[PDB]
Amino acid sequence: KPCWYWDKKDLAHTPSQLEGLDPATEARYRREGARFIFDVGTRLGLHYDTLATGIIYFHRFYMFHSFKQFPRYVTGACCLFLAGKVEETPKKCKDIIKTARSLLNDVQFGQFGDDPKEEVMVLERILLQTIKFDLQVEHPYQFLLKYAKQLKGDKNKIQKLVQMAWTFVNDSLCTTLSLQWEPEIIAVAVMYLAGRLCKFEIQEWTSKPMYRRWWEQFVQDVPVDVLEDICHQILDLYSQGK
């Protein structure tokens, strides 16, 4: 299997930055592409894992190609289309195109040109090559559920934790976080963020309550610093406003 994780230096030297795209514009392009994938799949009633797989293909695609050369919504549609097949929840490309037409305005949908379906189909060869045919991907949801299920203190507070952390997983998908850290770690980070916002002491819900570093039971060698880093990146989406 190939390596799908980059550090901060790398993410500042993507093919889009190399062609002069400012970091802020590439960050907005990825958000828009990700939310577009999320919105189309949702209206097609797709599994959350299928959306996530689509978005991860999307984020990976643009570590190898530039937004100046590949319009982001066309790629989005292509990635959802491929994710559907991979996750055994297929949607016809024609359905993805109509939904795309419905959600985008004229200029945005202009990206698909004269034959929208065939712009998606030709991109699929390139997509598959770029992700190196490594189709299987795992997401933070399953780990959030697995870990929370071993927490024991207050049924109600624990559910508030899970629900809010779930929302943060959704947010995290709009950012390069999946290019930076494994799903397990993101899962731990969103629990940590939810706990702090809810003023919950998560330690107290485990077998070792006097130990502040409660997450070591689920993942190995994750420093507090990394968790705080993930938190700030997620919190940035609640930027002043937004």
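One rule holds for the numbers: they count along the sequence shown, beginning at 1.
Novice: Quick check: 77-85 versus 148-156, which has the larger average CA B-factor in the record?
Specialist: Stretch with the higher mean C-alpha B-factor: 148-156.
Novice: For the C-alpha atoms alone, is the average B factor greater in 94-102 or in 124-132, going by the entry?
Specialist: On average, C-alpha B-factors are higher across 94-102.
Novice: Say you rank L51, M210, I185, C174 by Cα B-factor from the PDB entry; which sits at the top?
Specialist: Result of the comparison over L51, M210, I185, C174: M210.
Novice: Checking the record values for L179, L193, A34, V40, which has the greatest CA B factor?
Specialist: The listed residue with the largest C-alpha B-factor is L193.
Novice: By its CA B factor, does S16 count among the lowest, middle or highest third of the modelled residues in the chain?
Specialist: Answer is lowest: the recorded C-alpha B-factor places it there.
Novice: Taking only the Cα B-factors deposited for this chain, tell me whether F200 sits in the lowest, middle or highest third.
Specialist: Highest third, going by the recorded CA B-factors of the chain.
Novice: Could you tell me which third, lowest, middle or highest, the C-alpha B-factor of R28 occupies within its chain?
Specialist: CA B-factor rank for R28: lowest third.
Novice: Going by the recorded CA B-factors, say which third of the chain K68 sits in, lowest, middle or highest.
Specialist: Middle third, going by the recorded CA B-factors of the chain.
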